[PDB]
Amino acid sequence: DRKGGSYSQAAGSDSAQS
Amino acid sequence: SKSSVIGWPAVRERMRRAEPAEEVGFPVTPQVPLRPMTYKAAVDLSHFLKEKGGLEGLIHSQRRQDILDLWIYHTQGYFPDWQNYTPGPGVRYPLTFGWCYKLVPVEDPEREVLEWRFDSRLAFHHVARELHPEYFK
Amino acid sequence: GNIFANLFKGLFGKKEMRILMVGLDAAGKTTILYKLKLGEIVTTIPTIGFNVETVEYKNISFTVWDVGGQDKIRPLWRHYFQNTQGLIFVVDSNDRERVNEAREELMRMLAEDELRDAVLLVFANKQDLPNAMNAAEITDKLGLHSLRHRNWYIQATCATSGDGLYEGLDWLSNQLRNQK
Amino acid sequence: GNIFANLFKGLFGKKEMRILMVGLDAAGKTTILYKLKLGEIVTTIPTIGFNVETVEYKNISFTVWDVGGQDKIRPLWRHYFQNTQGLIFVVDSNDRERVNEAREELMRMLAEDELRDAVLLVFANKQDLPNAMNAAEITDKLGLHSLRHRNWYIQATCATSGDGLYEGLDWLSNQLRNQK
Amino acid sequence: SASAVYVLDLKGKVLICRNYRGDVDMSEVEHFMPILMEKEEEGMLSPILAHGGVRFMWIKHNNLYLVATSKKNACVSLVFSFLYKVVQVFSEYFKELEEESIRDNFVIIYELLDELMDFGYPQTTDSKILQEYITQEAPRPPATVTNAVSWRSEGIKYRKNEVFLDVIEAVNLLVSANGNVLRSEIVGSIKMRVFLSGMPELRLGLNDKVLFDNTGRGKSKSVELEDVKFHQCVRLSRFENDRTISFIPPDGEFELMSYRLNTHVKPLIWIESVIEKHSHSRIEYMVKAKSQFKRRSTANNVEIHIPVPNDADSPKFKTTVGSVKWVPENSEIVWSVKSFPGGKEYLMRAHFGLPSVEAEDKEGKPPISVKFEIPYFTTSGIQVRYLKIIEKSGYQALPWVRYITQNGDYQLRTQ
Ligand SMILES: Nc1nc2c(ncn2[C@@H]2O[C@H](COP(=O)(O)OP(=O)(O)OP(=O)(O)O)[C@@H](O)[C@H]2O)c(=O)[nH]1
Ligand SMILES: Nc1nc2c(ncn2[C@@H]2O[C@H](COP(=O)(O)OP(=O)(O)OP(=O)(O)O)[C@@H](O)[C@H]2O)c(=O)[nH]1
Ligand SMILES: [Mg+2]
Ligand SMILES: [Mg+2]
């Protein structure tokens, strides 16, 4: 863990915008 | 999805309780990925809602739509933006491609009563994108 | 599930309760809290911030959160209203000019949906000079009888003397505690 | 932590206490201090500055800081009020004209928030001439009974004789020391 | 149009100088110190000095003043940018900013200064490029600088493609002594530590209000940043055309975007302070802090600094939660809290004496500021949509990012 907010996985783009 | 199945009955009950017409901050769950719902994911969610019921034929409401989007985000991390309706007046096509749910009139566009209706062709035909090519980029 | 542990705890006293301290500045809030907790009238400076204390009586630990009546501290009572089970209002019967301001502040505070489950607790402070009103004239001026769905009791307490604190505590316990 | 050393020190006497010397000039302050410390009436010049001394009695070393009653030295009592545990007031019962000035000075000094934990210590100085008042007339004139939250005791002492110093010291020790 | 840039010291000795144009004699640096002393003593000291017809602009560094003498009316902003770039390059190459490293790496320092700028025109500004061409422990210049893509060095190979993002939030609240907040601005910071193989072209996507409105999705929580600044690698053409954040990420940690917009929400911490200071007798510190943030968020390492009296001594603290320590160097009491859960209410009661002798002159009323830092909280509600990682070879990236909320200019005016 790490203070200041744990790292989270990020997507590649908005899948709902086509 | 056991969690999705469990949340479907409570979500449907909450949506039915809400009529058709307190804490500040933006907490975020640690390590939970956040991304918009995909076309395949949207199609799967629409199929699950149709099979479980409570989505097709339900009266469209802003509070009910917001509750459904929040439940979807809590259950799968999908952003509550793909469940958008096409601009009116008339039947509002799904905003995100692949979605099987759309809002259609049941009778000013705001005063028009809308009902959610299943649409298999929506997941294959970009009716909303064709209607608003500028909105689709 | 089993509630044997809860019953054992409640057999010798487990309920604690909560309380709040509200009123105008220089209205005996700090002195009243000191008398309730310690038993002596200790001089206190202006309530710039807040005073937090707990009072144990009849096997109930009723925490008291003193709140000042300053202009910069009057709007701060909303923060203290969270996680509060009781509320005590300190009035100044000898301050006719401040009586209207205290009544307006009490009406504004009582007009909050969050502060609805708290019963009325008004203490007739400054009950040592002839200018102090009685337990009915002050209530009539403040319109305590017009508080619908509010259980309020009028008690007169002298800051120098401290009389009436026991009666007010007993009334508050009876209103809050619905057991034998 | 352990308090064995403190208990051992207090078994044979560890408390010392503090004292202050206040009053009008030529009111027996220097003579009173000399009698308390040494035991004889030694003539002293005007108290331009201050006199500092310590008196050991009943295993307590009560330091005494003499303060003059001069106009240039009257406002200097505020500096001597810091780090002071006791206060002794020297009055002149034979000075009717200066009685009002002494009363006003005592009222001004007692109206300070810093000087609140010090008990009242008024000594009826000049108790050797018929013009000197009693222990009640002087207190009534000075309004010693109107000092709320003040523990004051009226004692009459003659500068030439020194009688009453032991009784005043015992009363001060009883008021300050709350032990056996 | 600075004639020459030099690095000075606190004693007036120049740590290092490098002439670029030669239009100003090197002896003018000596007169800079007396001029600075006079300006500081007379209140006329400014970073841009002026020695007759030659201006010696100086910037206060960690240990020395970066004096950049100039002769003509050159680009002052350009000179400041060059000085900032030089400071950043020195910080990257040298971990310490003091006289110890100035006299320890002079051999490489001279080469770096020569390569940085020539004839008053800076030429090299990439720290990685400078390290790839100038080292303290030489080959031909890299082709990345000659090529257009100077923000992504080609040929980088890594075992794993991991990017560490940081959603840094700065909450600045300017609360006046009357209780009204005047300056309430929140500045975002999108800093990503990209460490992958090659030079992937980042395709940034977030829940922006402008982007949602353009795409027709302007109905959810979209962050409308008043000011958004792209990084060096960010392509401004795509952003101007359709808000397309397409750029080559750098090799390492860099700030791609930095949101900056006003805030209209209630403060995360509501602090009420009381000054019960007697007239040279005693002092009262009625400090009450209310956490206006969500209860699900905890403020780690909360340090609310309450300025105590300058001459105050023998203070006693009566608080409920959080350690209070009076720092003689700071001359103030800091309400240190390890973890502050949202909605927490802390009350403090300070009590200390004051000297009998009155102060000769007043000391002012510095504002009270807190050092709260609660991570994993997104107050602005801006949610990142996706990060378009595109590679010609083709690889699966696993970027990571964390949202950190801290207290910036959260200063409350003293009473
Ligand atoms: N001596 C005395 N004071 C009283 C009496 N009744 C009310 N008071 C007032 O109570 C005040 C006590 O001050 P505090 O201890 O600070 O409590 P407070 O009334 O809430 O004042 P603040 O803390 O500044 O809000 C005094 O200043 C008086 O004005 C009384 O019967 N006798
Ligand atoms: N002889 C005599 N003098 C007394 C008596 N009672 C009070 N005094 C006065 O006490 C004074 C003693 O002078 P000091 O030793 O200087 O002490 P003081 O009274 O505080 O005078 P200052 O130091 O100038 O303030 C004499 O001047 C007398 O006026 C008394 O019973 N007999
Ligand atoms: Mg009070
Ligand atoms: Mg004398």
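Every residue number used here counts from 1 along the chain in the order it is shown.
Any Cβ shown, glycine's included, is placed from N, Cα and C.
Residues or ranges marked as N-acetylserine by Swiss-Prot on the basis of similarity to another entry: E:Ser1. Neighbour list (E:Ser1 (N-acetylserine), Cβ cut-off 8 Å, at least 6 residues apart, same chain): E:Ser70, E:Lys71, E:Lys72, E:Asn73, E:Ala74, E:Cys75, E:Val79, E:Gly120.
Remark: E:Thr144 (phosphothreonine) has E:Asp126, E:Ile129, E:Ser150, E:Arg152, E:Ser153, E:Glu154 as non-local neighbours, by Cβ distance under 8 Å and separation of at least 6 in sequence. According to DSSP, E:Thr144 (phosphothreonine) is assigned to a helical segment. Among the features that Swiss-Prot reports, phosphothreonine is placed at E:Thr144 (among others), with the record citing a large-scale study or a structure entry.
The feature phosphothreonine is assigned by Swiss-Prot to E:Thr146 (among others). Using a 10 Å radius centred on the Cβ of E:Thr146 (phosphothreonine) and all shown protein chains, the other Cβ atoms total 8.
Feature annotation from Swiss-Prot assigns domain 'MHD' to E:160-413; the stated evidence is sequence analysis.
Per Swiss-Prot, the feature phosphothreonine maps to E:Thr215 (among others); the stated evidence is similarity to another entry. Here E:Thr215 (phosphothreonine) comes close to no residue that lies at least six apart in sequence on the same chain with a C-beta under 8 angstroms from its C-beta.
Closeness to chain B is evaluated for the modified residues E:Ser1, E:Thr144, E:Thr146, E:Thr215 by Cβ distance, with values under 8 Å counted; counted residues in sequence order are E:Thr215.
Taken residue by residue with DSSP, E:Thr215 (phosphothreonine) is part of a helix.
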